[PDB]
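Geometric and topological summary
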Amino acid sequence: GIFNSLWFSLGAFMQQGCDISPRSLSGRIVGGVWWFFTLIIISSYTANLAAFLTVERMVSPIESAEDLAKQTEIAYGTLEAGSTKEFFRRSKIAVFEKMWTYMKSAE
Amino acid sequence: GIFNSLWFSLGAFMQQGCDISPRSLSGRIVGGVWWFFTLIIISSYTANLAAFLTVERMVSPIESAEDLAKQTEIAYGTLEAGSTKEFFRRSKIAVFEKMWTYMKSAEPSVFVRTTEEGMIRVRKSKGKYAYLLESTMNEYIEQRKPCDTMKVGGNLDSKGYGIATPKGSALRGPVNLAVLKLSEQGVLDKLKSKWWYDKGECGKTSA
Amino acid sequence: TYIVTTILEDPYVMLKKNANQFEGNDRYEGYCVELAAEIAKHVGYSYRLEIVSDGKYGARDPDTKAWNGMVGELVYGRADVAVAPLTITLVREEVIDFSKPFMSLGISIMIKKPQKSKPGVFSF
Amino acid sequence: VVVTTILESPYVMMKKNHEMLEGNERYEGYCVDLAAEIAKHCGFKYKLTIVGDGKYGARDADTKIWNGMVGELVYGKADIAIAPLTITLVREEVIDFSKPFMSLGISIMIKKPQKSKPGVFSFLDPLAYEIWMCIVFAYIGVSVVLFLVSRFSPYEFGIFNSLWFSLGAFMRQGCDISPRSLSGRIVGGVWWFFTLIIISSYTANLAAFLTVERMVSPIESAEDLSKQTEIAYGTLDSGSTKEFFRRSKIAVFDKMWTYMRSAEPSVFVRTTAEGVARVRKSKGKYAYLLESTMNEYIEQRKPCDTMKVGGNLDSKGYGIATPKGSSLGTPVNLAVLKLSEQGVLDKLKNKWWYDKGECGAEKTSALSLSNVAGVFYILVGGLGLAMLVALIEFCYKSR
Ligand SMILES: NS(=O)(=O)c1cc2c(cc1Cl)N[C@H]([C@H]1C[C@H]3C=C[C@@H]1C3)NS2(=O)=O
Ligand SMILES: NS(=O)(=O)c1cc2c(cc1Cl)N[C@H]([C@H]1C[C@H]3C=C[C@@H]1C3)NS2(=O)=O
């Protein structure tokens, strides 16, 4: 009937059993193709769920000072009239020198 | 019976169906605990199979020259009486200086006499030895049977061979023009392709 | 005539399997040998295949200040030209004329490839 | 002396504050860094001049005149030259040269074809078609074997119900019938084991093959490119690439040079940026043949709307030039040897290239419907087929 048809279709999408099965050719085609569809979809869902559960936390691209300085799309600066500004003024390392050059003049 | 019992137990381990099911309590306990066991085992197998299929290839710890030098458990040296040895003698970079200091005095002599000698030395060693060599002969022999040698890392520096000639010789200009003509024509590429690739002694997502 | 210094290394200079049967320049067949043949055809100069007795490459010791190997034969007049693998560099170029390159190269690391267990039939 | 540059990037990068600078500090680049590094070891005065013609030496057949870069050195207008200048015989027959300080080669350049979404029938990729064919014929063989076993050795299992059972067991959905004999139960058991293994192998890594997108280039290489004619390729005008194709004697290069020469309009171009713009304003109908260095530099720079296909057709090396007979030829040669021995060249090349790569300097995301539409199409086709078949059977049994 229709009630049992819905029951069977649902019992095959969840991969559980089915107290009945189609007996004619024209119902068996439908059953088989529905089984193929649910196999594909359920395997996809399960795999992508596995992927989501072990999903790495958002790794921001600002992890390093060198990376934070090369990322000119994000502007950066040091507090003015402070000891940190003085340090970057006298900073001699490559990354600090480049950051100081970038921050010397920016609007 | 026993035949159907085996059939049912097998039909529940493969997660397929079962034309029958236990009807008493004492068979239902067994059925349920067997279902729990097969669930655990099959899930474990499937997950670890997924892991194996997307298994990363063996990443040798000799990827970098600095790593290959810090790994003193593996000895390394440069061919003696050669230009590479001279380069490492005059090498000024930190990694090269450290490698040169390590290779200056080591027993047995990390240096070698001939290229075949170094090849066999690395061959016999159970991975406890490393060797420095030009990027042409290395590939050529890595292509030759036995193919038990394998290059790791990339070229450390770019250089080139050359058709030498006595200083003040009269065959200097002609040879330069000759090599230029031979390089412009595909003759030289043809030679290299024929006598390096035509031999072929041995040999994340993917279907 | 021309005297040529080859280091006899695989595959730049190779001795023909019929070494005893073969004789002369035709006896030797290597990439260096074929290059020598091609360049000679380009210029037309007689030459005789030869190999350095010392079996060494350019290495000028500090104490003696003497060149050995193919470069040694070249500097002292023993060898006329050197069509062989010879890494062109500064100290060597300071004494001997280099023509323009004919092959790029680089130093590299070699290791005994660990055996990887190829999945057998029953890898599942 | 006088140092001449080509005003070509990244070898000549005009400084951003061009207004407030003059002299050797006008512009920046790898070429200027090398010029300073060599002036350190050579002790020769130089001026950062630029050639007026803005092009490299070419030898016209009729006038037999060197133009631009080579003309300056040959005709005394220049004393030295430091630039991305390519060596070659004809150019070397007129001026002394130095040793190479870079490796390169003629390379192709095109516009990045868009990322082709995994097409319909992407759910078969996880398994190679060989395995799919073996699976089909094993599903046939098992059902045939079960039919034979049951019919001729009974305790029903025809062929139709046998195929039904085998299919149901392959998809983990059991059926209403199970074999009752030993000879059918062995078949069922091996079928269950086989399907378990295959499904566990397939299921695993199935989102990737439904989500991964791989770009397919139209021009695989020079041979494939020259075989076709729908897409037009071009090259710089009055340069080493034109001279290389002109003197070519190889069949592919001969036909390629014939096609480029006999193509209207002229595929050629006055300057590199012109070719860049042409490929980036041609809907992927233009392919430009430039070196392997500029190509990579462009690839690393935004918007990164281009890519390199194939491998270098030939390696040439650059080289510092010098007028024939100039006393400066030897010291510059030894200087470049020394710098190569030092890490100056490798350091400069590694730093300048990939210094500011905007693009690229994977995540798991849900499945869109575009990725899994094929199975919906297949389902709907199956339903239509089932209704058609039932109507056919209905009419047939009516008669
Ligand atoms: N195929 S390859 O990389 O080994 C290679 C490498 C080189 C070749 C030719 C080949 Cl086939 N010739 C060039 C020379 C040709 C002319 C141009 C540079 C020199 C002079 N040098 S190279 O860059 O060292
Ligand atoms: N940056 S690179 O790998 O392309 C590269 C390539 C080359 C460099 C230096 C660098 Cl950094 N110098 C060599 C020269 C140096 C001496 C050795 C060969 C020539 C002469 N030619 S090269 O092989 O063309």
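Residues numbered from 1 in each chain as written, not as in the entry; some residues may be left out. Chains lettered and ligands numbered in written order. Part of a larger assembly, values for the part shown. Heavy atoms only, no water. Residues with missing side-chain atoms left out of burial classes, pairs and counts.

The name the PDB entry assigns to chain D is Isoform Flip of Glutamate receptor 2, from the organism Rattus norvegicus. Within the Protein Data Bank, this record goes by the title "Active state GluA1/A2 AMPA receptor in complex with TARP gamma 8 and CNIH2 (LBD-TMD)".

The PDB entry annotates chain C as Isoform Flip of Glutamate receptor 1 originating from Rattus norvegicus.

1. Overview of the overall build of chain C
Summing up its helical and strand segments, chain C has three helices and three strands in all. When its helices and strands are written in sequence order, chain C yields α-α-α-β-β-β. The C-alpha atoms of chain C give 19 Å as radius of gyration, which overshoots the globular expectation for 124 residues (14 Å, by more than 25%). Taken along the three principal axes of its C-alpha coordinates, chain C extends 65 × 45 × 30 Å. (Helix = DSSP H or I, 4+ residues; strand = E, 2+ residues; numbered from the N terminus. Rg over C-alpha atoms; globule rule 2.2 N^0.38 Å.)

2. Quick word on the interface of chain B and chain C
Counting residues at the interface gives 54 residues for chain B and 45 residues for chain C. With seven residues, the single largest contributor to the side of chain B that touches chain C is helix α8 (residues 173-184) of chain B. Residue composition of the side of chain B that touches chain C, grouped by class: 32 nonpolar, 15 polar and seven charged. Two elements, strand β3 (residues 149-152) of chain B and strand β3 (residues 107-112) of chain C, share four bridges in a ladder whose sense is antiparallel. (Contact = heavy atoms within 4.5 Å. Nonpolar A, V, L, I, M, F, W, Y, C, P; charged D, E, K, R; others polar. Pairing = 2+ DSSP bridges.)

3. Points about unusual backbone geometry
Trans peptide bonds make up most of the peptide bonds, and negative phi angles are found at most residues other than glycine. D:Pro265 follows D:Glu264 through a cis peptide bond whose omega is -5°. Here D:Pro265 shows up in the loop between α10 (251-261) and α11 (272-279). Note the cis peptide between D:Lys302 and D:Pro303, where omega equals 5°. With respect to the secondary-structure elements, D:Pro303 resides in the loop between α12 (292-300) and β9 (306-307). Even without a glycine there, the phi angle at B:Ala81 is positive, about 65°. On the secondary structure map, B:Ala81 appears in the loop between β1 (75-78) and α4 (83-90). Phi at D:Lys64 is positive, roughly 55°, even though this residue is not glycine. As for its placement among the helices and strands, D:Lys64 is situated in the loop between β4 (48-50) and α2 (69-74).

4. Observations regarding the arrangement of the chains
Where four pairs of chains are in contact, the pair with the most contacts is made of chains B and C. Note that chain A does not reach chain C: the shortest distance linking a C-alpha of one to a C-alpha of the other is 19 Å.

5. Re the pairing of strand β8 (residues 286-290) of chain D
Bridge count between strand β6 (residues 107-111) of chain D and β8(D): three bridges; the pairing is antiparallel. The partner of D:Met109 across the bridge, within β8(D), is D:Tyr288.

6. Let's talk about the sheet that holds β1(B)
Across the sheet, which stays open at both edges, the four strands sit in the order β1(B)-β2(B)-β3(C)-β3(B) with mixed pairing between neighbours. On the outer flanks of this sheet lie β1 and β3 of chain B, each paired with one strand and no other. Strand after strand, the sheet turns through a mean of 35° between neighbouring axes, direction not considered. As judged from the four bridges shared by β1(B) and strand β2 (residues 129-134) of chain B, these two strands associate in the parallel manner. When the sheet's bridge partners are listed, B:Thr78 is paired in β2(B) with B:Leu132. (Axes fitted to C-alpha atoms, helices over the stretch in contact; angles between N-to-C directions.)

7. A word on the interface of chain D and chain C
Contact with chain D, which involves ten residues of that partner, is made by eight residues of chain C. Going through the elements one at a time, α6 (182-203) and α13 (329-341) of chain D are the ones with two or more residues in the side of chain D that touches chain C. No other element matches the four residues that α13(D) contributes to the side of chain D that touches chain C. Tallied by class, residues from the side of chain D that touches chain C come to six nonpolar, one polar and three charged.

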